[PDB]
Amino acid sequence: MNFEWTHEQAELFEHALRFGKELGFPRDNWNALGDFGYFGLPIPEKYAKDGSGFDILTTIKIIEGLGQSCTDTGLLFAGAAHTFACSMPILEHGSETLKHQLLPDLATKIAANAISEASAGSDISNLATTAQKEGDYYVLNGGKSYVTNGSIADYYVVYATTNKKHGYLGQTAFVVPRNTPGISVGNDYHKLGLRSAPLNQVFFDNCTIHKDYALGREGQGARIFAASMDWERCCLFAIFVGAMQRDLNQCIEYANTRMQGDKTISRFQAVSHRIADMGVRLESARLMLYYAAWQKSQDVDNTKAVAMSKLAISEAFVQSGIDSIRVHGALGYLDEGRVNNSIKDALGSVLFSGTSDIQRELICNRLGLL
């Protein structure tokens, strides 16, 4: 029980903090993140010469540093979907040849996770996307309705029903290359926040893909998905802890400079105690983040700590974005204020990787509640 980072971890962390200011779809910034090592952080050298093979804590701590120093949160979010919803299920359940095929470019080519449908969001138990096997190939059919990185994706990790009778176990996970005929993609959705992370409808119209693109055994998809959500819900939300620290830093700096009545506004407890509560929720959220990443490296059930962390972090991020605007007044409501992006992105964060309601369902479950 200690909260000390190694010399090497502190150095990687300040390296992430320094990298922030070196930054349609911002392909240049995305490539710069690849060069920094962002998509390679949890990948072993065995599968990518620029993989880092870091443990979960070093990973999330670097991501936390990127979230603090990079203003384009949407871009970090896109890169983290790619790495944790796609690269990791490939690392953990792909054949050895598919791993050597796909990962070297993934660690550096873009991937998108596709499970949500028109009638499947919080409930992914009855997917309308089907995969019939024919000989050495699978034939995929159905639409996926909210694919992050859809328009820029070279590969889709698709979850489809292979056997409606096996229910929770009747689903398989595939890696569908872009360039597989039958794929069409809608234009990027206009949405509240996160403009740099494309969100698209993808339709699969008789997509024929070779057996070797399937992830794990047939019928394993629902648990492969749960395993990728354990990565996304744990590690992606490190971004938002970094962003909250920047938020808090800007509110401290502003409240100590902005004056109303030849007194600085921090002298009002309505302002200062509001900022205090930002720091309390942040330290709470950061600590729950660290705790969840540690348990994940420990071989126990870590779902409760991960659901808690995603909840605490995402809800704190929403409160952080409201409070940041409240502290800055009209300045925070204006776009040049450079402040209202937090609330716009944070409201996404209580939806994807499963809404706050669904995290609590998980928490209840792991607590023993029938």
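Start at 1 and count along the sequence shown; that's the residue number.
The entry models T108 and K109 with a gap of 1 to 3 deposited residues left without coordinates. A chain break between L362 and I363 is not present, all residues of the deposited sequence in that interval being modelled. Between the stretches 348-356 and 7-15, it is 7-15 that shows the larger average CA temperature factor. 178-186 and 162-170 differ in mean CA B-factor, and the higher of the two is recorded for 162-170. Remark: of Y155, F237, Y137, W294, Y137 shows the highest value [criterion: C-alpha B-factor in the PDB entry]. Highest C-alpha temperature factor among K211, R274, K191, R233, as the PDB entry reports it: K211. For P44, the recorded CA temperature factor ranks within the highest third of the chain's modelled residues. When the modelled residues of the chain are ordered by C-alpha B-factor, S196 sits in the lowest third.
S116: CA B factor in the middle third of modelled residues in this chain (values from the PDB entry). When the CA B factors of the chain's modelled residues are split into thirds, the value for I56 lands in the highest one.
In this PDB entry, the Cα temperature factor of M229 sits in the middle third of its chain's modelled residues.
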